[PDB]
Structure formats: structure tokens, C-alpha cells
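Enquirer: The structure is given below, and queries will be raised subsequently.
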RNA sequence: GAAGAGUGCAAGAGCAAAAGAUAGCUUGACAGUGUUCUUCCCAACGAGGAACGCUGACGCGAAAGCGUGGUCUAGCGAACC
RNA sequence: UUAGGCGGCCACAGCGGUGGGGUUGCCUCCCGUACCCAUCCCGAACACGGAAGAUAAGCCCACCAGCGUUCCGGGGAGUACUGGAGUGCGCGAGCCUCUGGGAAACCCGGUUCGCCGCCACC
Ligand SMILES: [Cl-]
Ligand SMILES: [Cl-]
Ligand SMILES: [Mg+2]
Ligand SMILES: [Mg+2]
Ligand SMILES: [Mg+2]
Ligand SMILES: [Mg+2]
Ligand SMILES: [Mg+2]
Ligand SMILES: [Mg+2]
Ligand SMILES: [Mg+2]
Ligand code: NA
Ligand code: NA
Ligand code: NA
Ligand code: NA
Ligand code: NA
Ligand code: NA
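Protein chains in written order, with PDB author numbering: chain W, 1 to 154; chain N, 1 to 186; chain H, 1 to 99, 111 to 171; chain D, 10 to 29, 35 to 107, 128 to 174; chain Q, 1 to 95.
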């Protein structure tokens, strides 16, 4: 299970690349999503590669982001342990977070919006003109790397 | 053979056994074929249909297992041929087969030949086959008359292995009647 | 005319003589020099001239540089010295020229040129260890008369 | 093995290459059977522009007709070494050709399951001279 | 295109590879298909008759009956539906 | 000696117990009416063209079968009179 | 299939080569023209009639890789070419990094001297 974050805008983006982002439920810059690692899903993120940031987040980090940025299918409402408990098949954020990482359920299945709308990266990111290997922020990241980005977009 | 760009004929073409141009025209009818084939000593008749992995033979007869009903004479002749066709034709009617198209392979359509005799037999056995009466030999030559008249010019007995001297087209008649019976093992 | 007009590879391959008529003859007198009866493996040293950029060299340039290099080997080794140089390229690409304005602009045949990819050996000489410095100088003059920069490279020769 | 390996005469082709025929009359009386016309292909400067038209005649002799004829033809010629085919044939002269080969030849001349005769079972230049010289005359 | 005939730009798709030269096996020319069946369209260079327009080469239609020995196969060119007359010599069962 | 020959004419493609050659016979280069594709990729548009059927009458073959001109893509023309 | 007939795939099956096998069985060669039929001339062939002889051809069986073909290993080669991205380099023709694919020739070594279906038969 990987985490996708849109880091580059739509203007001048190939139409078919932008439509993939929309199929993966992301419509704006700084919007995140969780995707199971399958042959099909893997094809979609490779195509989006040069406009996103992805990787496998740690149990904790995911919990923090879920705590802070997750939302229900409708309305504001804080998604906390109590909320999770009264609406999900779990007991707390952690139970949800564990099931996600293990690809046992989805945010939709539990009645939550598929998208985590993040805040801009505190202290700024590593640039959107180069991949991670060249000192940038685009492409596949480490678990440490993805956590760094997601925790900054707390 | 000579190189990469070289063309090697289909196997049954190298073997000089199948006329593919005639075979196709044969298959276009949609009906099963009546495979009329001869040998120096024998004759053969098969009823073949098309199948996913190769032809399926639904019925057949050989001039050898002819004697099984009464034969005691040569098998590479006219009387032999007709009777083998009728035999095969009857086993066919038994399998639920109703019609066929004559397939003579690499033989020639000479009037009054053995492949035609084979064909007449199967028609007599009750099979619906496209033919032309005035191409089939006259009834007497089928019986083995032409051969009796040959030994009529005796001097030196025609048949080595004794079956008789003047030979018997009557044996042919005995055999035809034996097969026309309904009980007979097929 | 200037080589600036034909040095780059910016057109399709135009070599089919079955559709091109009136192609000028090549100015390249000979491709095999020195002692053609002797073998290449019969020499201790072997130095080739390597082209550094991917370019097109007209037959006029091939003749001029081949000439001015071999002319040196003949001057320093003699009309029958012990060596053998090789121009391993032949001019296949046919050249046009629009010599009315831009109306019906397909040009007429004016020449021929050899296409050489960067890293390929244009010339290759074979000589003994003594004459090794002459072949280098002959090549120095040769790369002075062709478009690209060149590397004089000694292949089999650890007698340096 | 030897019986089904011993040489025989397949045919003797007697032919007269003329150029435009009136020679048929004699070619039949020398052999015994009917002759056949001979046409041509391609245009020729020697006034031979008409493709299909009479030029020569021939007669292919088989069995008795062949030997009986040879019992007069052979004596009329002088056999030589080079005068022999690689397959074991020979021509001399009006021309007279003799095709020889062993028993299992029908295999290559029949229609069904026909096959080319193996190089081994084929007659040889030497095997020919022998068999023929062994029939009323001398070799080289 | 310098011209607009049916065989324009068909040098590659309507030419047999050397080793496949000559007459083709009767088996596939007499094959039988059922309605609703999915079939691939591809002309056999060796078979002259029963051909369709070369543009359609590479399609995958659906058999919807027949007209004589030939078959009526439905396809969608771009966004327009079309019905193609074609013999089994130029057809193959999908899957 | 699997194809370089030949097959009317450009070029590309097809063809070997043939689509080529020879021989013999025959006039299907037939009348009537359609389905489809093409003309015009997708996507509307005439004439023209082709493939594939049906009805009718025939040619050849033992028969399956082949013949809606020439192996395939050029050789074409509205209304009014 | 101890020798047969009809086939599918249509060279992995081609080219060439060695060895083995048949009395009333099989397939052949073979023997022979009164007939059906036949050759623009020939019972050669086509066709008909038949077994004195043979296993030398063909055929069936076992087998050899020199040529040709199929596939595979290692090497060439993650090379050549390439779909997405870059305020990366170069005067420029052009190149390079990241991401996703990925070759041909050739050398060496294996492989391949057909597989499969139906019918009949000691
Ligand atoms: Cl047969
Ligand atoms: Cl069409
Ligand atoms: Mg909402
Ligand atoms: Mg700030
Ligand atoms: Mg920045
Ligand atoms: Mg092309
Ligand atoms: Mg036509
Ligand atoms: Mg007017
Ligand atoms: Mg033997
Ligand atoms: Na002008
Ligand atoms: Na220079
Ligand atoms: Na073919
Ligand atoms: Na029209
Ligand atoms: Na004539
Ligand atoms: Na054999």
C-alpha cells in the first residue's frame, strides 16, 4: 500500500496523465490518496510518476495524517478514535490504519473520503523539477522519505 | 533445404499422396467422403468426416475381410471392388450415415474403373452419392464376366491357387445376395 | 561551395542509384595504400584516426586529407616504404543543390559524401615501431582537412 | 540381390532433327511403329519465327521393338568412353539414344507416391558399358 | 497518398512471408462459425477471393449470420458500425 | 533445379499435381433483382467500382465444383434532347 | 501403423548419410494385354488381369548433425533504439540524469534427422 501526493499542477499536463490522477481520486495540488499494490494500480502510478510523490508510510505517520486530514464522505467532522469507533469496523484510528496498510479495507468502504487534503509542506519541499535520486521531491520515496513529506504536510 | 527463404511443400504433398486442390473442392459440399483406394492385391473403401485434429473415419471395408462372408477368389479385380463398396456402404448405413461424395484420390476417372465399381456398390447399399450412370462399367463386367471369357481362352489355367478353372461370376452373385440379407454381421 | 552546407546529417539517406541519375564521379583515387599485397597482421603497430563528431564528409575532403596524409608517408618512407594505410569509407549519400525561387525546389545532383558516426575510425595505418611518429604526423595533417575534431589512436602498440 | 539390380533397356529414341517432315516415311520403316512431329519454342534468325510448327520426328521403342532395332543399330556405330551419360546412357549418330536402368524404376515414373531413384540404386557409366558390351560388341 | 485505390499502402499487410508462400491448407477455408461468435479479421495473401477492404485488417468482429458460403461479421470502424462480408479463409476464432 | 519463367500494359502484390503451358470443347463478357464495402478512414455526399447472395437459363466435369470477363489494385461521365 | 488407408500442424518434418526387415499375411518392385481404358509414337504412363520371382528401389524401423530449420543457455548487452519527466550540459549538430520497456548480427554450448488425431490389422 502506497501513498500518492500530487505535487505538480494540471496546466500543460498530458490529458491522459491528468485523467489517471482523477481516477485515483485526486483533483488538486497537495491532495493525497492510499493505493493497494496491484498490477493494475502499479501501472497507474508509473504513468503519473513525474508529477507525484509516493511510497509506503509507517504505521505512526499514517495515523497522524488520518487523525489530522481524514474526512467523512460528507461534512466537516473530525475523524478521531470516537468517530472511527462509531462508524468503522474498528476500535480506533490505529486499527483502521493497520487494516489499510495490510490492504484489507479502503477509506471508502469505511465511509471516509478517499482523499486526504493536505497542507503545504512546512519548510517547503525539495523541488518539483527533479526526482528523489537527483535531490528532488518527485517519484518513489523511502518510508523515511515519505514520512518526512507527509509529516511536513501535517 | 537451401536456406531460410526456402519453401518446403506440405508433408502429404511431398509424399505424393494428397491432391490439396481437389481435396478443397471435395470438402466444399459439406458431405462426408467415400474414400475409394486400391492396391495391387486389394481394394479399400472408407467414409470420412472432418474433425478438429484430423479426419474421422465412421465406416470402412477391405477386400481382405470380404472372404469373411464367402469369398475364396482374388481380391484385386472388378467383382472384388463392387462388393467391397457395397459392404462399406452397408456398414455406413448402420452408423447413421446417409450421403457421401466420391473421393478417388490420385486415380484416373477412366470409364468403367474399379473406383466407379466401388462407388456403384455404396450406392446400391443405400447411400446418396452424386454420380453418372453412363460412366460406370456394364453390369456384366462387374460380375466378372470379362475374366471368365479370358480363361475361356484357357490353354493354361488362369488362377494359380485353385478356386476353380473357368472361374465363377456366380460366386459374385452368391456374395451379393449374402450381403443384401438384413441379419448379416456388419 | 562550403561544407557548412552539407556537414550535418539533416536529411534522409539518399543512396539509391536506381532512382538518381547523373551522379558525379568520386575524386577518391585509391582506398588501399602502401603495400596492398602484404597483410595487416604483419605489422607491430596499428594506428587509426577516430572521428569525434557524427558528420558527413564530402568526397572532396576525403581526397584532400587522404592525399595530404599519404603524401607525407611517401615523403618520409618512400614510394615503396614499409607501411599500408587504409581509407575504410566510401561516399554513398548523394547531395543536391537548389541552383524559380522556392517553387519546385528539389535540387539537382552535385556530389557525394560519406557519413561517419562519432567514434568510428576513418583511417587505419599499419607500420613498424620506427615509423610510428610519421604516421602520427601524417594524421595530424589529415584531421586538419576535415570538419570534425579527431583522436589519433594507437590500437596495437605498447612499445611507447 | 543381383536380379533386382541388373541393367535393362527402358527405351530407344530414334530421331531426325531436320528444320522444317518428309523424312517420317523412312523412320517408321526402320523401326516398325508410327512417328511423331517435333515443334519448337522461341524466335530464330534462320527463318524460324513460327513457334508451333513441324521440324522433326521421333519413335520411342520399348521391349522387343527396342532390342530388335538395336540388333542392327549398334553394329552401325563405334562406341566410346566419353560417349556415355553420367546416369549410364549414350547417344550416337540421324541420332539413336538408349536409356538404361535397373528394375525398380516404375517408382519414379508412376503417379501415386512417386519418388526419385536414390543415387546408389542408379545406373553408372561403367555399369552401362559392361552390360551393353556384354551384348554383341566392344567398348571404348 | 499519391492515389486512392484499395491496395494503397498495402505492400506489407497483403504480402506473404517467404516461408508461408504458396497455396494454403483447406482446413481453415472450410471452417464453420456460429452467430454471436468473436472472430479476428486478416486477409490471407494466398487466397484471392472472399476478401474485405484492407482497412479492416486487424479487427475483431462478431458473426451475425451468412450470405452464401461467406459470413456476415459486424464491426465498429471508429465510431460507425459496419457489416463485412468475408470467407473463413480470412477468419480466426478469438481466445 | 520452390519459382529466378510465365501470366497483355505502370508499380507493388498472388500463383506450380496452378492462377503458368499444351490440347480439346464452350460462349457465364448471359438476363432479372438484391445484400455489403468502397467512392467519402473516422463522418454527410452522386456517377463509377468490387466482394458476396438469390431467381432464371446455360457451358464444362465422373463428381464435388468452377464460370456474375482478363489473378488483384487504373481503362471513366448528370439533367434536358 | 512386422511394412496399411484418410488426415491436422505444415522444414522441430528440409538436404545428405549408415544399419535392419518380409513365403500362401501387408505395401512394393514384379509378370502379363482378351477384355473396360490408354498413348497427337510407345500396356512407359494411365487402365484392366494375375502371382513365377525379389526385399535391390520405394515403404516401415533403428540411427548419425556436415548444411538448412525450431527452441534454449551463457556471452554480446541491459549494449543499439525507445514511451514519460527535467531552469541538466553543449556555440551548435547533439548529449546526459531519472522512470517504464528492450533488439539484431555474431561466437560458444545444448536441442531438432517430426509431433499429434481417426480407421483398419496379428
Ligand atoms: Cl489408391
Ligand atoms: Cl469490406
Ligand atoms: Mg466534503
Ligand atoms: Mg516560509
Ligand atoms: Mg523550492
Ligand atoms: Mg510501410
Ligand atoms: Mg477475377
Ligand atoms: Mg445541355
Ligand atoms: Mg534393404
Ligand atoms: Na516561375
Ligand atoms: Na578539424
Ligand atoms: Na500458404
Ligand atoms: Na455506387
Ligand atoms: Na496438332
Ligand atoms: Na524402400
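Note that the Cβ used here is the ideal one computed from N, Cα and C, for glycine as well.
1) What span of residues does the alpha helix (DSSP H) with residue 155 of chain W cover, start to end?
2) Under 7 Å between beta-carbons, which chain N residues line up against residue 26 of chain Q? List them in chain order, please.
3) Apply the 10 Å Cβ neighbour rule to residue 110 of chain N and answer buried if 16 or more other Cβ atoms are within range, or exposed otherwise.
4) Could you tell me whether the region 52-63 of chain H touches the region 16-31 of chain H, using the rule of 3 or more Cβ pairs below 8 Å?
5) Which term fits residue 142 of chain H, buried or exposed, when burial requires 16 or more other beta carbons within 10 angstroms of its beta carbon?
6) Rounded to whole angstroms, how far is the Cβ of residue 70 of chain D from the Cβ of residue 27 of chain D, which I believe are closer than 8 Å?
7) From which residue to which residue does the beta strand (DSSP E) around residue 84 of chain H run?
8) Taking a cut of 9 Å between CB atoms, which residues from the region 6-18 of chain N lie near chain D?
9) Just curious, the beta strand (DSSP E) that residue 72 of chain Q is in, first and last residue?
10) Take the Cβ of residue 89 of chain N as the centre, count every other Cβ of all protein chains shown within 10 Å, and call the residue buried at 16 or more, exposed below.
11) Starting from the C-beta of residue 158 of chain N, find all residues in its chain whose C-beta is less than 6 Å away, skip the five residues before and the five after it, and write them out in chain order.
12) Can you tell me the Cα-Cα spacing of residue 84 of chain D and residue 42 of chain D, whole angstroms?
13) Residues in its own chain within less than 6 Å of residue 176 of chain N by CB, not counting five upstream and five downstream?
14) Looking only at DSSP bridge pairs, what is residue 133 of chain D linked to?
15) Beta-carbon separation of residue 145 of chain N and residue 117 of chain N under 8 Å?
16) Taking only beta-carbon atoms, is residue 148 of chain D less than 8 Å away from chain N?
17) Within the continuous alpha helix (DSSP H) that includes residue 125 of chain D, where are the two ends?
18) So does residue 84 of chain Q have its beta carbon nearer than 7 Å to some heavy atom of ligand 2?
19) Tell me which same chain residues have a C-beta within less than 7 Å of the C-beta of residue 63 of chain W, skipping the five on either side of it?
20) Output, in chain order, the set of chain N residues within a Cβ distance shorter than 7 Å of residue 50 of chain Q.
21) Thinking just about the alpha-carbon of each residue, which of Q:81, Q:37, Q:70 is nearest to the one in residue 95 of chain Q?
22) Can you list, in chain order, the stretches of the beta strand (DSSP E) that have 3 or more residues and sit fully within the region 97-132 of chain N?
23) How would you label residue 154 of chain N, buried or exposed, when you count the other beta carbons within 10 angstroms and need 16 or more for buried?
24) Near residue 97 of chain D, which residues of its chain fall below 8 Å by C-beta distance, leaving aside the five closest residues on each side in sequence?
25) Does residue 177 of chain N come out as helix, strand or coil in the three-state DSSP assignment?
26) Confirm the yes/no value for this check: CB of residue 11 of chain N, any heavy atom of ligand 12, distance under 7 Å.
27) Excluding the 5 residues preceding and the 5 following residue 157 of chain D in the sequence, name in chain order all residues of the same chain whose CB lies nearer than 7 Å to its CB.
28) Using a Cβ-Cβ cutoff of 9 Å, what residues of the region 91-122 of chain N are near chain D? List them in chain order.
29) Are there three or more Cβ pairs, one per stretch, closer than 8 Å when the region 28-46 of chain Q is compared with the region 164-174 of chain D?
Expert: By the coordinates alone:
1) Outside the displayed span of chain W (1 to 154) sits residue 155 of chain W, for which this structure offers no information.
2) 20, 23, 24, 27
3) exposed
4) yes
5) buried
6) 5 Å
7) 83-87
8) 15, 16, 17
9) 70-77
10) buried
11) 151
12) 15 Å
13) none
14) D:20
15) no
16) yes
17) Between 107 and 128 in chain D the model has nothing, and residue 125 of chain D is one of the residues in that span.
18) yes
19) 93, 94, 97
20) Within 7 Å Cβ-Cβ: nothing; residue 50 of chain Q doesn't reach chain N, min ~13 Å.
21) Q:37
22) 101-103
23) exposed
24) 104, 105, 106
25) helix
26) no
27) 16, 101, 102, 134, 135, 136
28) 105, 106, 107, 108
29) no
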